[PDB]
Asks: 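Here it is: the structure, laid out below.
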Amino acid sequence: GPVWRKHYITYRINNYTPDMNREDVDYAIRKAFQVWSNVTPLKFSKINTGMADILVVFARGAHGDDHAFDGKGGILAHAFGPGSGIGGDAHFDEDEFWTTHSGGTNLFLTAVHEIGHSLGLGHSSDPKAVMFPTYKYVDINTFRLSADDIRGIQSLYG
Ligand SMILES: O=C(CCCC[C@H]1CCSS1)NCCCS(=O)(=O)O
Ligand SMILES: [Ca+2]
Ligand SMILES: [Ca+2]
Ligand SMILES: [Ca+2]
Ligand SMILES: [Zn+2]
Ligand SMILES: [Zn+2]
């Protein structure tokens, strides 16, 4: 499938969930990109205006693509693989309650998984992988990519 053919990738946070402090949104997303830049040649920079490669949106229900959200629960987020326009973009369901910890749905973990899609990864069958389809909280300091995630991403980049 598609991959980014350049090393400098930009992101932009389109809007912010009212679920969290702004600074904590910024931090979660930044740390989630770092997970991936740690194991690839990629570099990620946040921009505040203009077209970014990866636009980070919080939205509910029908939100302008063919991938409507479903209210609280179920689908938490989705992202598009590498490509121009909507390609790369990561969308998070505002009907979830996003958090820094275990209380609702952890933004960091979810963002790691979505950014993996944004980079070109599909789902893993390994329950230990961040690219496994099902959300399960793990302490956000205990978190590591699985071997399977690392193989997947390095098979695409690096
Ligand atoms: O695929 C996703 C992103 C969530 C990944 C969360 C990470 C937790 C640690 S590793 S995966 N959302 C839709 C399916 C979720 S749901 O069906 O389980 O409610
Ligand atoms: Ca894009
Ligand atoms: Ca949902
Ligand atoms: Ca919310
Ligand atoms: Zn969407
Ligand atoms: Zn997924």
Side-chain angles (χ1 to χ4, degrees), residues 1-40 42-100 104-124 129-138 140 143 145-146 149-150 152-153 156-157:
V3 294
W4 298 107
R5 300 305 187 184
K6 59 201 182 168
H7 296 314
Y8 297 90
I9 304 302
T10 66
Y11 70 101
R12 169 183 194 182
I13 300 170
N14 174 75
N15 62 303
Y16 282 85
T17 177
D19 299 355
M20 297 178 54
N21 299 317
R22 180 193 188 90
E23 71 200 80
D24 297 331
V25 180
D26 284 350
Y27 187 77
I29 296 302
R30 175 177 176 96
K31 291 295 282 181
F33 277 108
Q34 289 173 20
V35 165
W36 296 108
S37 57
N38 289 164
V39 297
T40 60
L42 302 169
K43 286 274 183 169
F44 302 102
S45 301
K46 182 176 165 290
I47 68 188
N48 294 343
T49 50
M51 182 266 314
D53 296 309
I54 298 167
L55 187 71
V56 172
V57 182
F58 290 88
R60 52 164 52 81
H63 53 279
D65 63 21
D66 211 18
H67 297 245
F69 287 135
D70 56 357
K72 184 178 187 97
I75 289 169
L76 312 173
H78 63 243
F80 299 91
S84 59
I86 197 166
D89 298 356
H91 303 168
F92 294 84
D93 193 351
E94 193 58 83
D95 291 331
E96 316 314 332
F97 186 63
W98 301 100
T99 185
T100 54
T105 304
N106 185 265
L107 184 54
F108 166 74
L109 293 165
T110 309
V112 175
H113 174 101
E114 297 313 318
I115 292 164
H117 296 307
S118 294
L119 299 181
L121 294 174
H123 285 152
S124 174
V130 78
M131 297 311 300
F132 193 67
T134 83
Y135 177 88
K136 180 185 40 58
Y137 181 69
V138 305
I140 51 163
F143 170 73
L145 297 176
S146 77
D149 298 310
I150 294 174
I153 203 72
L156 299 175
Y157 299 96

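Only this structure's heavy atoms are used, side chains among them; waters, hydrogens and symmetry mates stay out. Index from 1, following the sequence.
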Asks: Rounded to the nearest 0.5 Å, how far apart are CD1 of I47 and OH of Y11?
Replies: 10.5 Å
Asks: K6: which residues meet the salt bridge (charged side-chain N to carboxylate O under 4.0 Å, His left out) condition with it, sequence neighbours left out?
Replies: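 For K6 the salt bridge (charged side-chain N to carboxylate O under 4.0 Å, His left out) partners, ignoring immediate neighbours, are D53.
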Asks: Excluding sequence neighbours, so at least two apart, what forms side chain to side chain contact (heavy atoms under 4.5 Å, CB included) with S37?
Replies: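 Applying side chain to side chain contact (heavy atoms under 4.5 Å, CB included) to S37 gives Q34, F44.
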Asks: Is any side-chain heavy atom of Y27 closer than 4.5 Å to a side-chain heavy atom of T100?
Replies: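 With C-beta onward as the side chain, the pair stays apart.
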Asks: Quick one, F143 with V35, criterion side chain to side chain contact (heavy atoms under 4.5 Å, CB included). Give me CA distance, side-chain angles, the key distance, then yes/no.
Replies: CA-CA 10 Å; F143 170 73; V35 165; 4.1 Å; yes
Asks: List for me each residue that meets side chain to side chain donor-acceptor pair (under 3.5 Å) alongside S146, sequence neighbours excluded, and say none if there are none.
Replies: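 For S146, the residues satisfying side chain to side chain donor-acceptor pair (under 3.5 Å) (neighbours in sequence not counted) are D149.
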Asks: Determine which pairs satisfy salt bridge (charged side-chain N to carboxylate O under 4.0 Å, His left out) with at least one residue from residues 64-84, sequence neighbours left out, and list them in order.
Replies: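 Residue pairs passing salt bridge (charged side-chain N to carboxylate O under 4.0 Å, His left out), neighbours aside: none found.
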Asks: What I'd like to find out is whether the side chain of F33 reaches to under 4.5 Å of the side chain of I9, using heavy atoms alone.
Replies: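 Counting from C-beta outward, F33 and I9 never come under 4.5 Å.
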Asks: Closest heavy-atom contact between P133 and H113?
Replies: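 Nearest heavy atoms, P133 then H113: CA-CE1, 4.2 Å.
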Asks: Which residues pass the side chain to side chain donor-acceptor pair (under 3.5 Å) test with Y157, sequence neighbours left out?
Replies: none
Asks: Roughly how far apart are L121 CG and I115 CD1, rounded to 0.5 Å?
Replies: 11.5 Å
Asks: Taking the side chain as everything from C-beta on, heavy atoms only, tell me whether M131 gets closer than 4.5 Å to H117.
Replies: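 The answer is yes; the side chains approach within 4.5 Å.
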Asks: Just how far is it from atom CD1 of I29 to atom CZ of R12, taken to the nearest 0.5 Å?
Replies: 15.0 Å
Asks: If you look only at pairs with a residue in residues 79-99, which of them pass as a salt bridge (charged side-chain N to carboxylate O under 4.0 Å, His left out), with sequence neighbours excluded?
Replies: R60-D95
Asks: In this structure, which one of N21, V25, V56 forms a side chain to side chain contact (heavy atoms under 4.5 Å, CB included) with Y16?
Replies: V25
Asks: Applying side chain to side chain donor-acceptor pair (under 3.5 Å), can you list everything that pairs with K46, at least two apart in sequence or on another chain?
Replies: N48
Asks: Measuring from atom CD1 of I54 to atom CH2 of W4, what distance do you get when rounded to the nearest 0.5 angstrom?
Replies: 5.5 Å
Asks: Looking only at heavy atoms, what is the nearest atom pair of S118 and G88, with distance?
Replies: OG-O, 2.7 Å
Asks: I'd like to check the salt bridge (charged side-chain N to carboxylate O under 4.0 Å, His left out) partners of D19; sequence neighbours left out, ordered by chain and number.
Replies: none
Asks: Sequence neighbours left out, what passes side chain to side chain contact (heavy atoms under 4.5 Å, CB included) with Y135? Give chain and number order.
Replies: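 Checked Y135 against side chain to side chain contact (heavy atoms under 4.5 Å, CB included); matches are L76, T105, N106, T110, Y137.
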Asks: In chain order, what residues pass the side chain to side chain contact (heavy atoms under 4.5 Å, CB included) check against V39, with sequence neighbours excluded?
Replies: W36, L145, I150, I153, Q154
Asks: Evaluate whether atom NE2 of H7 has more than 12 neighbouring non-hydrogen atoms of other residues, nucleotides or ligands under 6.0 angstrom away.
Replies: no
Asks: Can you find a heavy atom in the side chain of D24 that is under 4.5 Å from one in the side chain of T99?
Replies: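 A side-chain contact under 4.5 Å is absent here.
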Asks: Using salt bridge (charged side-chain N to carboxylate O under 4.0 Å, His left out) as the criterion, list what pairs up with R30, not counting sequence neighbours.
Replies: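 Expected list: none.
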Asks: Sequence neighbours left out, what pairs pass ring pair (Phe, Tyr, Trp, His ring centres under 6.0 Å) with at least one residue falling in residues 68-95?
Replies: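 Pairs touching residues 68-95 that pass the test: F58-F92, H63-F69, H63-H78, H63-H91, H67-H78, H67-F80, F69-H78, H78-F80, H78-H91, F80-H91, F92-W98.
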Asks: Testing the basics here: between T10 and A52, what is the closest heavy-atom pair and its distance to 0.1 Å?
Replies: OG1-CA, 3.3 Å
